[PDB]
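Basis for what follows: all heavy atoms, side chains included, without hydrogens, waters or symmetry-related copies. We name chains A, B, ... by the order of the sequence lines, and we start the count at 1 in each one.
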Amino acid sequence: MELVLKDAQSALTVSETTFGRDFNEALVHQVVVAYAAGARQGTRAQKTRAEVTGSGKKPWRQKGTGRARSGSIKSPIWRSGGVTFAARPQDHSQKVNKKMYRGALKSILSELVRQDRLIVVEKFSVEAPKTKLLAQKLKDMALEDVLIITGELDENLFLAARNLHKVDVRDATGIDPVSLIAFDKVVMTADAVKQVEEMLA
Amino acid sequence: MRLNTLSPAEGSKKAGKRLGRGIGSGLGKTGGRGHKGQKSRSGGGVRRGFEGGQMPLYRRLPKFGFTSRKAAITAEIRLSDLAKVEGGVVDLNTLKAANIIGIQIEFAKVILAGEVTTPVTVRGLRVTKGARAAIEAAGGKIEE
Amino acid sequence: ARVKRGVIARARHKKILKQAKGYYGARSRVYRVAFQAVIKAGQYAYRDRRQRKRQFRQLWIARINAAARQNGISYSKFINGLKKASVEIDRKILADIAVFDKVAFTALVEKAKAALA
Amino acid sequence: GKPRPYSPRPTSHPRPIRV
Amino acid sequence: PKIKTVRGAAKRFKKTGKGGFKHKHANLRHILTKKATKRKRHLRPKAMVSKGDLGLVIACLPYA
RNA sequence: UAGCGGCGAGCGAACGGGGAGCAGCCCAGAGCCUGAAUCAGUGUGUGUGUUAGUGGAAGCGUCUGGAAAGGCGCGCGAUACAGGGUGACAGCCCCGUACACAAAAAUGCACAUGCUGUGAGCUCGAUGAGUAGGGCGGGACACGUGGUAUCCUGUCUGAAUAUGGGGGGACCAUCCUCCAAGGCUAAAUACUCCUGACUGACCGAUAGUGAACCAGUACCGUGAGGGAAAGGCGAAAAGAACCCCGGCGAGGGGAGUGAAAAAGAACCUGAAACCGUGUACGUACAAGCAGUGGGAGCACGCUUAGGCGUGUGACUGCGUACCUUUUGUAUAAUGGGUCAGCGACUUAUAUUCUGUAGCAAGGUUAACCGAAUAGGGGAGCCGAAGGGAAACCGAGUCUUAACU
Ligand SMILES: *[C@H]1O[C@H](CO)[C@H](O)[C@H](O)[C@H]1NC(C)=O
Ligand SMILES: [Mg+2]
Ligand SMILES: [Mg+2]
Ligand SMILES: [Mg+2]
Ligand SMILES: [Mg+2]
Ligand SMILES: [Mg+2]
Ligand SMILES: [Mg+2]
Ligand SMILES: [Mg+2]
Ligand SMILES: [Mg+2]
Ligand SMILES: [Mg+2]
Ligand SMILES: [Mg+2]
Ligand SMILES: [Mg+2]
Ligand SMILES: [Mg+2]
Ligand SMILES: [Mg+2]
Ligand SMILES: [Mg+2]
Ligand SMILES: [Mg+2]
Ligand SMILES: [Mg+2]
Ligand SMILES: [Mg+2]
Ligand SMILES: [Mg+2]
Ligand SMILES: [Mg+2]
Ligand SMILES: [Mg+2]
Ligand SMILES: [Mg+2]
Ligand SMILES: [Mg+2]
Ligand SMILES: [Mg+2]
Ligand SMILES: [Mg+2]
Ligand SMILES: [Mg+2]
Ligand SMILES: [Mg+2]
Ligand SMILES: [Mg+2]
Ligand SMILES: [Mg+2]
Ligand SMILES: [Mg+2]
Ligand SMILES: [Mg+2]
Ligand SMILES: [Mg+2]
Ligand SMILES: [Mg+2]
Ligand SMILES: [Mg+2]
Ligand SMILES: [Mg+2]
Ligand SMILES: [Mg+2]
Ligand SMILES: [Mg+2]
Ligand SMILES: [Mg+2]
Ligand SMILES: [Mg+2]
Ligand SMILES: [Mg+2]
Ligand SMILES: [Mg+2]
């Protein structure tokens with residue numbers, strides 16, 4: 001299975017097991033959901049009846065008053081009372097099997113090929129760290145929303161794509177499943193494809 | 001393939017029980033606990049093995065046996081693990097190098113489990129009447 | 001993720017209050033009382049879709065009995081007559097013709113007597 | 001809502017004793 | 001936290017190959033003279049835990 | 001897990017392995033040589049932080065509107081599209097932001113260099129006694145006195161002190177290993193009253209702190225102590241000149257302001273219970289869960305001049321609320337005056353079963369490393385073999401002298 005380039009008009013060889021396997025939606029879903037869950041901060045709490053500020057004094061005597069029996073002004077039944085099942089800070093992170101993560105990326109990268117969303121180029125850089133230069137290069141290569149993976153994280157290209165919200169620039173080791181789906185197009189350098197293959201196998 | 005076109009596999013995500021949310025749900029009111037008694041109560045239920053006061057099974061039956069400390073430092077080696085070792089010679093350190101038995105194991109035994117089909121030198125290991133007949137057959141050697 | 005119940009709770013109570021329009025006192029104003037009244041209105045409605053079929057047949061038979069006796073025959077014998085004459089015109093239509101076409105009913109009664117005699 | 005209930009106050013009549 | 005084994009149960013039940021549990025018979029501790037040899041002989045070998053009892057045993061021995 | 005355990009309820013190691021971090025020294029002493037290593041103050045220079053700050057890009061026309069940041073058109077900046085504000089939603093209006101700069105003065109840290117104290121190195125010697133150990137009583141060790149090692153000591157005792165002594169889980173021998181009865185020592189670890197920045201599938205005024213508000217206040221209590229309620233006019237006060245009724249009132253009606261005053265300060269929205277005014281229909285010979293099925297008449301509105309839609313409902317069939325609890329409730333058993341808001345199967349970690357996904361005789365890593373949701377890390381865990389109390393044997397094994 002041979003990928004084709006647009007800038008140089010050449011052929012780049014790739015593994016059939018990495019860029020030419022069927023889309024395992026169920027597997028990709030689990031990894032995407034796991035990634036979103038990994039992004040959660042999980043920083044919150046409410047006060048149980050134990051934590052709400054006030055005395056343990058029984059508001060009124062058990063019997064004789066003619067009112068519902070009360071034990072604590074902190075009862076969750078009461079206004080200003082505890083939350084019955086007060087939240088604690090949680091870790092929402094999920095375990096993703098190494099093989100289930102790699103198999104998910106393989107499924108995603110394979111879809112990007114068939115949907116013609118993966119563009120392969122020999123070299124992708126700009127002259128100086130100027131957003132105007134990259135912006136111009138993207139309205140020449142004919143894409144607005146795009147994810148750029150490059151071999152060495154060139155400082156100029158990184159800075160030049162920082163103020164463009166629809167454009168993101170990363171290395172081959174910094175690819176994530178969500179970013180390979182979220183972005184309309186993915187523009188990978190020749191070196192990147194020779195780093196991704198070796199990382200997935 | 002978009003973030004709003006990904007579905008989980010059919011039946012992979014079953015909706016959890018929500019007790020005490022009305023008649024329609026079928027878990028209304030009592031929330032599947034029934035009427036009254038210890039088991040309907042918050043934190044209600046008897047401990048494991050409790051039979052209602054009747055001398056429980058793990059008490060009316062006698063204790064037996066003792067735990068062997070020697071058993072804990074004795075391991076069994078199958079035949080398929082004789083190929084996994086790096087060298088060809090199956091000593092009581094090469095089995096630890098290749099992670100077949102534990103670091104604390106002082107006694108190992110080769111038994112008839114799997115098919116060994118390579119010449120193997122088993123040294124300082126007890127070997128079964130089927131193992132000595134399977135290793136030697138493939139072209140192996142044994143010494144105490 | 002805290003959920004306020006106000007908007008949904010309001011919608012549910014209003015839906016019941018709307019079905020309780022025309023009911024007396026608390027039954028058209030007070031949710032607790034209106035809910036019971038709408039359920040009971042429903043129970044009766046379900047019961048009376050069956051009773052309606054009983055009450056209307058009861059009414060048809062009463063009228064056929066009347067218009068047959070004016071022609072000089074009981075209901076019991078008139079229907080027996082029609083069945084022997086192989087007349088399959090149902091009581092709803094008999095009752096309707098007994099009121100609106102007394103000449104046609106007399107014709108049915110004549111066929112009744114003929115089947116008996 | 002409801003106000004905090006009163007502590008016991010003098011009672012006019014003894015509860016009848018049934019025994 | 002980890003479930004705790006009912007240690008008394010662990011001293012009286014061993015898990016077999018197919019998942020059942022072997023146990024020692026009761027009535028062979030003392031008062032042996034009045035008991036027939038046949039009865040005592042049949043009480044010597046280990047027996048399997050019955051179907052009705054398995055649930056109770058498995059609860060007590062989560063790491064069996 | 002091994003153990004401990006009215007062997008109950010429960011309690012619960014260690015060895016060893018993987019990591020973070022890593023550092024060793026001094027006195028119990030005399031002499032030689034000299035103050036030579038190094039930690040501490042002490043000023044003095046050097047950088048680099050902190051405590052004020054400085055500069056900081058780029059937009060106009062038109063349409064709707066009270067107002068434009070919105071729509072539409074055509075431009076421009078971007079190492080700056082973090083965020084906030086501005087009469088509705090602004091990269092280019094404002095404050096910022098990226099980025100680049102800044103200290104008279106004080107102070108932190110890290111190097112450099114004088115001063116003061118401190119004493120290295122080498123040779124020879126020394127090697128912590130009411131102590132170890134013991135008896136009695138307790139306590140601590142996962143270990144409840146048990147067969148119970150080991151540690152601590154209230155009480156009574158009491159060694160050997162290197163040719164010696166401690167430990168190796170009763171105890172003895174052998175062997176191995178260590179040197180008590182003197183002391184010092186960074187890092188990895190714990191915590192946040194408090195300070196700055198930043199973040200949230202955290203709350204949004206009965207929530208979130210008790211407290212968004214002059215709240216630990218009002219108020220309660222002799223006192224310790226307890227402890228509320230209460231947020232929002234508008235873009236801008238432009239917060240209503242003046243006139244009129246009224247008590248030189250309250251309150252209101254005009255006028256004027258505003259996009260809006262049914263935004264008028266008792267102010268965004270303005271639900272429900274609850275209370276009224278108006279209109280239509282019913283209702284003063286009529287018995288009960290108040291509805292429901294049938295149904296006349298009247299009023300109103302229509303898109304056949306006609307049926308149909310709406311409101312009412314004479315008369316009539318049927319008909320004893322709801323919840324709870326019960327063998328069974330119209331029950332004269334329980335609970336609810338009504339409305340609105342809140343109010344009850346959760347969370348963590350283990351374990352088992354089901355579904356689903358991956359991989360498959362393999363599967364998977366934990367801590368941790370890594371800026372890395374990657375990658376590394378396979379320490380471990382589960383499985384591929386069982387039988388036996390166990391030694392042990394092993395597709396068998398146990399039982400038994402041996403099994404048909
Ligand atoms: C009132 O009742 C109380 C009990 O609650 C005492 O019995 C008291 O004595 C009573 N007083 C009278 C006057 O009967
Ligand atoms: Mg609260
Ligand atoms: Mg990992
Ligand atoms: Mg049910
Ligand atoms: Mg109940
Ligand atoms: Mg009961
Ligand atoms: Mg029950
Ligand atoms: Mg409780
Ligand atoms: Mg290992
Ligand atoms: Mg909310
Ligand atoms: Mg109403
Ligand atoms: Mg109330
Ligand atoms: Mg015995
Ligand atoms: Mg500026
Ligand atoms: Mg405009
Ligand atoms: Mg507005
Ligand atoms: Mg010493
Ligand atoms: Mg002592
Ligand atoms: Mg002793
Ligand atoms: Mg000692
Ligand atoms: Mg000893
Ligand atoms: Mg020993
Ligand atoms: Mg509050
Ligand atoms: Mg509000
Ligand atoms: Mg006071
Ligand atoms: Mg006035
Ligand atoms: Mg507003
Ligand atoms: Mg208002
Ligand atoms: Mg109202
Ligand atoms: Mg009348
Ligand atoms: Mg009368
Ligand atoms: Mg009456
Ligand atoms: Mg009736
Ligand atoms: Mg009863
Ligand atoms: Mg009844
Ligand atoms: Mg009764
Ligand atoms: Mg009642
Ligand atoms: Mg009554
Ligand atoms: Mg009761
Ligand atoms: Mg009551
Ligand atoms: Mg085994």
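- With sequence neighbours excluded, the residues that form a salt bridge (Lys or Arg N to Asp or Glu O under 4.0 Å) with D168(A) are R170(A).
- Evaluation of the ring pair (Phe, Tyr, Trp, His ring centres under 6.0 Å) test over residues 72-92 of chain A, restricted to residues two or more places apart or in two chains, returns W60(A)-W78(A).
- Across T17(A) and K106(A), no two heavy atoms sit closer than the pair O-CD, 3.6 Å.
- Of the candidates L112(A), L143(A), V186(A), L147(A), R117(A) forms a side-chain contact (heavy atoms from CB on, under 4.5 Å) with just one, namely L112(A).
- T118(B) has its side chain out of reach of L82(B): every pair of non-hydrogen atoms, C-beta onward, lies at least 4.5 Å apart.
- To the nearest 0.5 Å, atoms CD1 (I149(A)) and CG (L180(A)) are separated by 6.0 Å.
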(message) Test salt bridge (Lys or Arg N to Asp or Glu O under 4.0 Å) on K84(B) and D81(B); report intermediate values, then the result.
(response) CA-CA 5 Å; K84(B) 296 185 181 181; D81(B) 306 309; 3.1 Å; yes

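- Considering every non-hydrogen atom in both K22(E) and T16(E), the closest pair reads N-CG2, 3.8 Å.
- Between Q195(A) and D171(A) there is no side-chain heavy-atom pair separated by less than 4.5 Å.
- Listed by first and then second residue, the ring pair (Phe, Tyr, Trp, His ring centres under 6.0 Å) pairs involving residues 21-56 of chain A amount to none (not counting sequence neighbours).
- Between the side chains of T94(B) and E86(B), no donor-acceptor pair of N or O atoms lies under 3.5 Å.
- Side-chain atoms of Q30(A) never come within 3.5 Å of backbone atoms of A26(A) as a donor-acceptor pair (strictly under, hydrogens ignored).
- For the pair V120(B) and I135(B), the tightest heavy-atom approach, listed with the atom from each and the gap, is O-CG2, 3.7 Å.
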(request) Report the C-alpha distance between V126(A) and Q136(A) in whole Å, list the side-chain angles of each, state the deciding distance to 0.1 Å, and finish with yes or no for side-chain contact (heavy atoms from CB on, under 4.5 Å). (result) CA-CA 10 Å; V126(A) 288; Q136(A) 186 57 244; over 6 Å; no

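- Under the rule for a ring pair (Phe, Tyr, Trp, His ring centres under 6.0 Å), the partners of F35(C) that lie at least two apart in sequence or sit in another chain are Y31(C).
- Under 3.5 Å, the side chains of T189(A) and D191(A) contain no donor-acceptor pair of N or O atoms.
- The environment of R18(B) atom CZ is sparse: at most 12 non-hydrogen atoms of other residues, nucleotides or ligands sit within 6.0 angstrom.
- Checking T117(B) against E115(B) by side-chain atom types alone, no donor-acceptor pair falls below 3.5 Å.
- Remark: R88(A) pairs with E51(A) by the salt bridge (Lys or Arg N to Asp or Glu O under 4.0 Å) rule, at least two apart or across chains.
- With hydrogens and angles ignored, the 3.5 Å screen pairs a side-chain donor or acceptor of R21(B) with a backbone N or O of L19(B).
- With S12(B) contributing its side chain and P8(B) its backbone, the two residues share no donor-acceptor pair below 3.5 Å.
- Within the 4.5 Å cutoff, side-chain heavy atoms of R10(C) are placed close to those of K14(C).
- Although no hydrogens or angles enter the test, the distance criterion places a donor-acceptor pair under 3.5 Å between the side chain of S110(A) and the main chain of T18(A).
- The distance from atom CG of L57(B) to atom SG of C60(E), rounded to the nearest 0.5 Å, is 8.5 Å.
- Shortest non-hydrogen contact noted between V127(B) and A131(B) is CG1-CB, 3.2 Å.
- Within the 3.5 Å criterion, the main-chain N or O of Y58(B) finds no donor-acceptor partner in the side chain of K11(E).
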(request) Step by step, work out the side-chain contact (heavy atoms from CB on, under 4.5 Å) result for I105(B) and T74(B). (result) CA-CA 6 Å; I105(B) 301 302; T74(B) 303; over 6 Å; no

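- Note on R2(B) versus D184(A): salt bridge recorded, some NZ/NE/NH1/NH2 to OD/OE distance being below 4.0 Å.
- Side-chain N or O atoms of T150(A) include none that pairs as donor or acceptor with a backbone N or O of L153(A) at under 3.5 Å.
- In this structure a side-chain-to-backbone donor-acceptor pair under 3.5 Å is present from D7(A) to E122(A).
- The shortest side-chain heavy-atom distance between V167(A) and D145(A) does not fall under the 4.5 Å cut-off.
- Annotation: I8(C), atom CD1; neighbour count of heavy atoms from other residues, nucleotides and ligands within 6.0 Å does not exceed 12.
- With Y63(E) as the aromatic partner, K2(E) does not meet the cation-pi criteria of under 6.0 angstrom to the ring centre and within 45 degrees of the ring axis.
- At least one cation-pi condition fails for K14(E) and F21(E): the charged atom is not both under 6.0 angstrom from the six-membered ring centre and inside a 45 degree cone around its axis.
- A donor-acceptor distance shorter than 3.5 angstrom exists from the side chain of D176(A) to the backbone of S179(A), with no hydrogens or angles considered.
- A donor-acceptor pair under 3.5 Å is absent between the side-chain atoms of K47(A) and the main chain of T53(A), judged by distance alone.
- Here the closest heavy-atom approach between residue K109(B) and residue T128(B) is recorded as CE-CG2, 4.0 Å.
- Separating the CD atom in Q19(C) from the NZ atom in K15(C) is a distance of 7.0 Å, to the nearest 0.5 Å.
- For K6(A), the NZ atom is densely surrounded, since the number of other residues' heavy atoms within 6.0 Å is greater than 12.
- Counting heavy-atom neighbours within 6.0 Å of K96(B) NZ, excluding the residue itself, gives a total above 12.
- Atom CZ of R12(C) has 12 or fewer neighbouring heavy atoms from other residues, nucleotides or ligands inside a 6.0 Å radius.
- In this structure, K99(A) fails the cation-pi test against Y101(A), since its NZ or CZ atom is not both closer than 6.0 Å to the six-membered ring centre and inside 45 degrees of the ring normal.
- The two residues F19(A) and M1(A) make their nearest non-hydrogen contact at O-CE, 3.2 Å.
- No donor-acceptor pair closer than 3.5 Å links the side chain of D91(B) to the backbone N or O of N93(B).
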(request) Determine, stepwise, if the pair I119(A) / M188(A) fulfils side-chain contact (heavy atoms from CB on, under 4.5 Å). (result) CA-CA 6 Å; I119(A) 297 73; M188(A) 267 158 111; over 6 Å; no

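- Pairs engaging residues 134-185 of chain A under the ring pair (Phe, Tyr, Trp, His ring centres under 6.0 Å) rule: none recorded [sequence neighbours left out].
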(request) Using the side-chain contact (heavy atoms from CB on, under 4.5 Å) rule, take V4(A) and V120(A) through it: C-alpha gap first, then chi angles, then the decisive distance, then the call. (result) CA-CA 7 Å; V4(A) 292; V120(A) 172; over 6 Å; no

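- In this structure, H23(E) NE2 and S50(E) OG are separated by 7.5 Å, a value rounded to the nearest 0.5 Å.
- Summarising the local packing, CD of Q43(C) is surrounded by more than 12 heavy atoms from other residues, nucleotides or ligands at distances under 6.0 Å.
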